[PDB]
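Colleague: Can you keep this structure in mind? I'll have questions shortly.
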Amino acid sequence: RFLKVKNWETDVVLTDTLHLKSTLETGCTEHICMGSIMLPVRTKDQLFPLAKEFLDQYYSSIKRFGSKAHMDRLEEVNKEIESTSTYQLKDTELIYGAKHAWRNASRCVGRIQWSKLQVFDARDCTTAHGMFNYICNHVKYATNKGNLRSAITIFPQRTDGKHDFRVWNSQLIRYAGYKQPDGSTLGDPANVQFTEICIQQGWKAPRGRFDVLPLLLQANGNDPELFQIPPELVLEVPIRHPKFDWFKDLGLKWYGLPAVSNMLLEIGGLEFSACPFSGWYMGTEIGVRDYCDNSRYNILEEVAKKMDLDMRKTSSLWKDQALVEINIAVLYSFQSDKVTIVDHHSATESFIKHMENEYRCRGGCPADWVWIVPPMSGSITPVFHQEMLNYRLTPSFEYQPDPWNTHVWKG
Amino acid sequence: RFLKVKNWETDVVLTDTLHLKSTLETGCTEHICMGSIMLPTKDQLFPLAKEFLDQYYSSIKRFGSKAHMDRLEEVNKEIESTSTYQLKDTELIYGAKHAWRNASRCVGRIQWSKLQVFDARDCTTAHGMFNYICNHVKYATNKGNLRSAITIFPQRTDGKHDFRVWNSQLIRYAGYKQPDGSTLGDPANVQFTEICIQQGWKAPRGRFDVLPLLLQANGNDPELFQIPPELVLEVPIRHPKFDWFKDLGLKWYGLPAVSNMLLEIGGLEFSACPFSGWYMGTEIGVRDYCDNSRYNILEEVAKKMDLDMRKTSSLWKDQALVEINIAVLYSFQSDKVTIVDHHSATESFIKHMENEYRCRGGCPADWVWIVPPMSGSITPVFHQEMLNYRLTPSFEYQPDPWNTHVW
Ligand code: HEM
Ligand code: HEM
Ligand SMILES: Cc1cncn1-c1nccc(CCNCCCc2cccc(F)c2)n1
Ligand SMILES: Cc1cncn1-c1nccc(CCNCCCc2cccc(F)c2)n1
Ligand SMILES: C[C@H](O)[C@H](O)[C@H]1CNc2nc(N)[nH]c(=O)c2N1
Ligand SMILES: C[C@H](O)[C@H](O)[C@H]1CNc2nc(N)[nH]c(=O)c2N1
Ligand SMILES: [Zn+2]
């Protein structure tokens, strides 16, 4: 069965067959759509079929379906599974796996880059300290003095789920958030819970508005340990506006390397619970969400004051107006310091291209519209007008519970 | 099967049970979500009537009463007899108010129970339809103190006697294809502007020509009627900051009025049921003025602002888009014509959700449509999970009349 999606600004219709290779569930039924819901230790029993399915995909992509290399590998994985209850991926399989998890990330507007991903193989890692080293090399490589390169570092897979490798931070680089006794919050409010933990764990906190959190790494199911990323490795960018000179005086800065570290990488049934990955920022992530969400740095107020906007009525659109200026400053500042960044127009336009290309060559591109459309100026980006189908392919990046909620403390 | 929705900005959680009544289907499956797709007999009729009447009599605290039982029997008999049935006035108003209450794409449902309903099932001609519409337009406009309204024409019979308003909105601007390869006026309306001319309209071929009405009664060939100008309140668009703004020659009409939908109540189908409310500011400034497939004036406005349109990076489109929307809100308020901004509206809707979850057990909402086409994340609906599902009574889409009309 074929399914068509239309672009209502260009009248271009595309056909999806890829959705037929979808197994995992969406959360939706024939009677209910849960497309705006953010969130709607494995036996040998179900492992081999997952293994086989992945391996068939792999060998097709290399144009070796049915080959002797193909079947022998299937036989090998099979026997290793029954003997050992699990199996190990070839380097080639891991690389392919990682690329594809990205490529199936329906919520990621940046997937056009998916083939150029540097994959670091950290499957030989055994300690927290070993983890820190691997992570440091990731950051240094990825940052490349401001000319950012995509990368993922992949730690050992889950075995029995009692020996999980985890990176406790949600992102590698991120600012502390401190709740004050008067109820107010210093620094990033998203990070308050995690900051408190770090402190509890032994972190001495500078207690400022932009303190780079420490790494809290957990290896082989052991209690997590703290590490301070060498400051010289953490590229930061002071935020200024090109016309407004009082903007620098807001004392705002942001870090250059966005890197998500709390997801789970599933490949061929194997679960990699520590798989931090990094790309580069689309401006709105910082300019709209990081700075302007009410539950974050919330600088709309203070920016609009300095702009002398009529804040007396929301129908003056002072909020919308300050939002744009803040986003202008973010992009200006990153381009000035030559730190890689992309604006929401450029990025959604490329996604549209990427998407068309994916229908032509792959037979579809799973995309989550609620997530793909940027959080400001929606309809003046081409994705707004683009119909999208959302479905789950493997390999895949999945959410996983916060480790402080699940961890078994040794002592 | 008792679902929960979360606001991720306030941590408020609501529990949804209303979904368990949902009858119609969504387009989605366990394997695929179609949330961003724009369009995913006596034995049929009576169960339909019963469900409606049951929920109606429950709404008036006479569930299982004699009056309830009486009516259920009365209608059952009329269906057996006439194959269709007719609604009591009370049921008709309840029905229409609730189709609005159930419209998962409408950010403005907080006002749902204050809907003026004009019963027009006694109508028989297009001239007659014109008179009903004119009255609706005058009442709703109310010299700019806009009031919500719907006018309902006879229900469908055998599908050959369908009443229809061919216009997509009662009041809209013509669109003309130029020899220039370009498009003067409203591109959304180019084809309709044709058909008007084909049926005989004499187009002044301006940019903002109010389209004529093209009304269809009892399945007859449709007729043209020009709305009295004195009933079409318009707003000249000026900016409270840029004096050059007026020179762009822009204006917009004050009464938004969807006329091409099908209203379904207790199994009956009203193919002609124009309704109107008031504009959320972005509807005009973002979509109407700035969609590429519409008036597409962003280029002209940024030029007039002398912004560096050289690179997307400057966010000149974003900068202009704001100012334009500041202007639209400014113009309407300066003329005492009701309009609401996206912050006030989305905020209102959040309140409406809280009431509905409280008093009804839920409220079906379509996130992809509720979040405004600008400044998405600085409005509260953005951070609000919504469950989407189809309750009845309902407004459904229907084919454009030209494609169907037996001539
Ligand atoms: C290189 C430039 C990239 C850009 C511009 C980009 C852009 C984005 C953006 C804007 C989001 C929205 C996330 C949010 O607002 O919470 C997102 C989500 C996502 N991206 Fe990317 N991305 C890039 C690279 C990557 C890479 C290298 C990977 C993996 C290897 C990836 C995988 C994902 C995944 C799994 C999500 C969903 C995250 C979630 O659901 O919380 N992206 N992407
Ligand atoms: C009174 C203030 C109202 C406001 C502020 C409002 C706002 C909106 C908005 C912004 C949309 C999305 C429109 C689009 O982008 O196409 C919408 C859709 C809709 N509205 Fe309302 N509306 C109002 C009144 C009404 C009334 C009186 C009714 C019916 C009696 C109604 C029923 C609907 C329906 C059925 C849709 C879906 C449109 C579609 O699917 O094409 N609304 N509304
Ligand atoms: C490094 C990267 C590559 N692609 C995107 N990113 C990126 N960088 C920096 C930050 C983020 C944010 C990722 N998403 C964070 C949202 C996490 C949540 C929180 C509550 C409910 C949910 F379903 C999900 N993504
Ligand atoms: C009067 C009113 C009350 N509530 C909203 N409106 C209102 N006024 C003026 C305009 C509109 C827009 C109606 N919806 C427009 C979408 C029509 C389409 C066109 C192509 C494909 C689709 F799926 C759907 N709504
Ligand atoms: C592609 C997407 O489904 C389509 O463009 C939708 C998106 N959201 C919308 N939201 C509103 N309010 N009105 C619209 O016309 C649309 N269009
Ligand atoms: C409830 C709602 O779906 C939720 O807030 C989503 C909306 N879309 C989003 N889109 C992106 N890119 N990132 C987000 O965190 C969200 N949040
Ligand atoms: Zn869905």
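Following the order of the structure tokens, first chain is A, next is B, and so on, with residues numbered from 1 inside each chain and ligands from 1 in the order they appear.
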Can you work out which residues from chain B touch chain A at a cut-off of 7 Å (counting only C-alpha atoms) and hand them back as a PyMOL selection string?

Modeller: chain B and resi 9+22+24-37+291-293+312-315+318-319+322+326+329+341+343+367-368+373-378+385-389

Colleague: Running DSSP on the backbone, which parts of range 48-119 of chain B land in strand (DSSP E), as number ranges by chain?

Modeller: B: 116-119

Colleague: Generate a file of the selected residues that holds C-alpha atoms, formatted as a JSON list (two decimals), in the first residue's frame.

Modeller:
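File produced: out-v5.json:
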```json
[["chain", "number", "residue", "atom", "x", "y", "z"],
["B", 116, "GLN", "CA", -26.09, 32.80, 17.37],
["B", 117, "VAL", "CA", -27.82, 30.19, 15.20],
["B", 118, "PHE", "CA", -29.93, 31.26, 12.26],
["B", 119, "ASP", "CA", -32.39, 28.62, 11.20]]
```

Colleague: Using only C-alpha atoms, which of B:114, B:303, B:246, B:6 sits nearest residue 96 in chain B?

Modeller: B:114

Colleague: Would you give me, as a tab-separated table, each residue of chain B having an atom within 6 Å of an atom of ligand 2, along with its shortest atom pair and that distance in Å to one decimal, using only C-alpha atoms and all ligand atoms and sorting by chain and residue number?

Modeller:
```
residue	atom	partner	partner_atom_place_in_ligand_line	distance
B:100	CA	ligand 2	29 (C)	4.5
B:103	CA	ligand 2	35 (C)	4.8
B:105	CA	ligand 2	37 (C)	4.8
B:106	CA	ligand 2	43 (N)	3.6
B:107	CA	ligand 2	7 (C)	4.8
B:108	CA	ligand 2	4 (C)	3.7
B:148	CA	ligand 2	27 (C)	4.9
B:149	CA	ligand 2	27 (C)	5.8
B:150	CA	ligand 2	30 (C)	6.0
B:275	CA	ligand 2	30 (C)	5.4
B:276	CA	ligand 2	27 (C)	5.2
B:277	CA	ligand 2	1 (C)	3.8
B:278	CA	ligand 2	2 (C)	4.8
B:279	CA	ligand 2	5 (C)	5.5
B:280	CA	ligand 2	5 (C)	4.9
B:395	CA	ligand 2	35 (C)	5.1
```

Colleague: Write out as a list in words which residues come within 10 Å of range 55-57 of chain B when counting only C-alpha atoms, dropping same-chain ones fewer than 2 positions away.

Modeller: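 The neighbour list is residues 50, 51, 52, 53, 59, 60, 61, 62, 63, 64, 65, 67, 68, 69, 71, 90, 91, 94, 95 and 266 of chain B.
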
Colleague: Could the residues in this selection be written to a file with N, CA, C and O atoms, as a short mmCIF file (atom, residue, chain, number, x, y, z; two decimals), in the first residue's frame?

Modeller:
```cif
data_model
loop_
_atom_site.label_atom_id
_atom_site.label_comp_id
_atom_site.auth_asym_id
_atom_site.auth_seq_id
_atom_site.Cartn_x
_atom_site.Cartn_y
_atom_site.Cartn_z
N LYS B 50 -30.04 8.38 17.58
CA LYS B 50 -30.07 7.95 18.98
C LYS B 50 -28.88 8.45 19.80
O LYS B 50 -29.06 8.98 20.90
N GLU B 51 -27.67 8.26 19.27
CA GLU B 51 -26.47 8.76 19.94
C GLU B 51 -26.59 10.25 20.22
O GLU B 51 -26.33 10.72 21.34
N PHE B 52 -26.99 11.01 19.20
CA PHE B 52 -27.14 12.45 19.34
C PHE B 52 -28.17 12.77 20.41
O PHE B 52 -27.86 13.50 21.37
N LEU B 53 -29.37 12.21 20.26
CA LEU B 53 -30.49 12.49 21.16
C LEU B 53 -30.19 12.10 22.60
O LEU B 53 -30.57 12.81 23.53
N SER B 59 -27.50 16.13 28.30
CA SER B 59 -27.05 17.50 28.51
C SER B 59 -28.11 18.37 29.18
O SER B 59 -27.78 19.41 29.73
N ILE B 60 -29.37 17.95 29.13
CA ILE B 60 -30.44 18.73 29.77
C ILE B 60 -31.00 18.06 31.04
O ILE B 60 -32.08 18.42 31.50
N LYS B 61 -30.25 17.09 31.56
CA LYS B 61 -30.59 16.36 32.79
C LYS B 61 -31.94 15.66 32.72
O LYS B 61 -32.65 15.56 33.73
N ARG B 62 -32.30 15.17 31.54
CA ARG B 62 -33.52 14.39 31.40
C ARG B 62 -33.16 13.11 30.69
O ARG B 62 -33.89 12.63 29.83
N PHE B 63 -32.00 12.56 31.03
CA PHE B 63 -31.57 11.32 30.44
C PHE B 63 -32.45 10.17 30.92
O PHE B 63 -32.55 9.90 32.12
N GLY B 64 -33.08 9.50 29.97
CA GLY B 64 -33.93 8.37 30.29
C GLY B 64 -35.29 8.82 30.78
O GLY B 64 -36.06 8.01 31.29
N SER B 65 -35.58 10.10 30.62
CA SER B 65 -36.87 10.65 31.01
C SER B 65 -37.90 10.21 29.99
O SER B 65 -37.54 9.60 28.98
N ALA B 67 -39.83 12.33 28.21
CA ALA B 67 -39.56 13.24 27.09
C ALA B 67 -38.45 12.68 26.20
O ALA B 67 -38.59 12.63 24.97
N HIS B 68 -37.37 12.22 26.82
CA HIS B 68 -36.29 11.53 26.11
C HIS B 68 -36.82 10.30 25.36
O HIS B 68 -36.71 10.24 24.13
N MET B 69 -37.39 9.34 26.08
CA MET B 69 -37.96 8.14 25.46
C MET B 69 -38.98 8.47 24.37
O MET B 69 -38.97 7.85 23.30
N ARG B 71 -39.22 11.25 22.48
CA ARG B 71 -38.53 11.78 21.31
C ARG B 71 -37.82 10.68 20.51
O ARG B 71 -37.85 10.69 19.27
N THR B 90 -34.28 23.41 19.30
CA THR B 90 -33.38 23.20 20.42
C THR B 90 -32.23 22.25 20.07
O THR B 90 -31.07 22.49 20.43
N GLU B 91 -32.56 21.17 19.36
CA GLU B 91 -31.57 20.17 19.00
C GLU B 91 -30.62 20.76 17.97
O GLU B 91 -29.42 20.47 17.96
N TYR B 94 -28.22 23.22 19.86
CA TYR B 94 -27.33 22.38 20.64
C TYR B 94 -26.32 21.71 19.72
O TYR B 94 -25.12 21.77 19.95
N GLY B 95 -26.84 21.07 18.68
CA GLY B 95 -25.99 20.44 17.68
C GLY B 95 -24.92 21.37 17.12
O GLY B 95 -23.74 21.02 17.09
N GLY B 266 -26.61 14.46 14.36
CA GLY B 266 -27.46 13.29 14.51
C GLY B 266 -27.70 12.52 13.22
O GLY B 266 -28.79 11.98 13.00
#
```

Colleague: Between A:157, A:336, A:43, A:118, which one has atoms that come closest to ligand 1, using only C-alpha atoms and all ligand atoms?

Modeller: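 Checking each candidate against ligand 1, we get A:118 as the closest.
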
Colleague: List as a Markdown table every residue of chain A that is in contact with ligand 1, defined as an atom at most 8 Å from one of its atoms (using only C-alpha atoms and all ligand atoms), together with the nearest atom pair and the distance in Å rounded to one decimal, sorted by chain and then rising number.

Modeller:
```
| residue | atom | partner | partner_atom_place_in_ligand_line | distance |
| --- | --- | --- | --- | --- |
| A:98 | CA | ligand 1 | 30 (C) | 6.7 |
| A:99 | CA | ligand 1 | 30 (C) | 6.5 |
| A:101 | CA | ligand 1 | 30 (C) | 7.0 |
| A:102 | CA | ligand 1 | 29 (C) | 4.4 |
| A:103 | CA | ligand 1 | 32 (C) | 7.8 |
| A:105 | CA | ligand 1 | 35 (C) | 4.9 |
| A:106 | CA | ligand 1 | 37 (C) | 7.3 |
| A:107 | CA | ligand 1 | 37 (C) | 4.9 |
| A:108 | CA | ligand 1 | 43 (N) | 3.6 |
| A:109 | CA | ligand 1 | 7 (C) | 4.8 |
| A:110 | CA | ligand 1 | 4 (C) | 3.8 |
| A:111 | CA | ligand 1 | 42 (N) | 6.4 |
| A:113 | CA | ligand 1 | 1 (C) | 6.4 |
| A:114 | CA | ligand 1 | 27 (C) | 7.0 |
| A:117 | CA | ligand 1 | 27 (C) | 6.4 |
| A:149 | CA | ligand 1 | 1 (C) | 7.5 |
| A:150 | CA | ligand 1 | 27 (C) | 5.0 |
| A:151 | CA | ligand 1 | 27 (C) | 6.0 |
| A:152 | CA | ligand 1 | 30 (C) | 6.0 |
| A:260 | CA | ligand 1 | 38 (C) | 7.8 |
| A:263 | CA | ligand 1 | 35 (C) | 7.6 |
| A:277 | CA | ligand 1 | 30 (C) | 5.4 |
| A:278 | CA | ligand 1 | 27 (C) | 5.0 |
| A:279 | CA | ligand 1 | 1 (C) | 3.5 |
| A:280 | CA | ligand 1 | 2 (C) | 4.5 |
| A:281 | CA | ligand 1 | 5 (C) | 5.3 |
| A:282 | CA | ligand 1 | 5 (C) | 4.9 |
| A:284 | CA | ligand 1 | 10 (C) | 7.6 |
| A:285 | CA | ligand 1 | 15 (O) | 6.0 |
| A:289 | CA | ligand 1 | 15 (O) | 7.7 |
| A:341 | CA | ligand 1 | 5 (C) | 7.8 |
| A:342 | CA | ligand 1 | 5 (C) | 6.6 |
| A:347 | CA | ligand 1 | 5 (C) | 6.8 |
| A:371 | CA | ligand 1 | 12 (C) | 6.3 |
| A:372 | CA | ligand 1 | 12 (C) | 7.0 |
| A:374 | CA | ligand 1 | 10 (C) | 7.5 |
| A:396 | CA | ligand 1 | 35 (C) | 7.5 |
| A:397 | CA | ligand 1 | 35 (C) | 5.0 |
| A:398 | CA | ligand 1 | 35 (C) | 7.3 |
| A:399 | CA | ligand 1 | 41 (O) | 7.3 |
```

Colleague: CA of residue 394 in chain A and CA of residue 139 in chain A are how many Å apart?

Modeller: 26.7 Å

Colleague: List as a ChimeraX atom specification the protein and nucleic acid residues near residue 348 in chain B, meaning an atom at most 8 Å away when only C-alpha atoms are counted, but skip any in the same chain fewer than 3 places from it.

Modeller: /B:108,110,344-345,351-352

Colleague: For each of B:220, B:157, B:304, B:74, take the minimum atom-to-atom distance to residue 244 in chain B, counting only C-alpha atoms, then give the residue where this is smallest.

Modeller: B:304
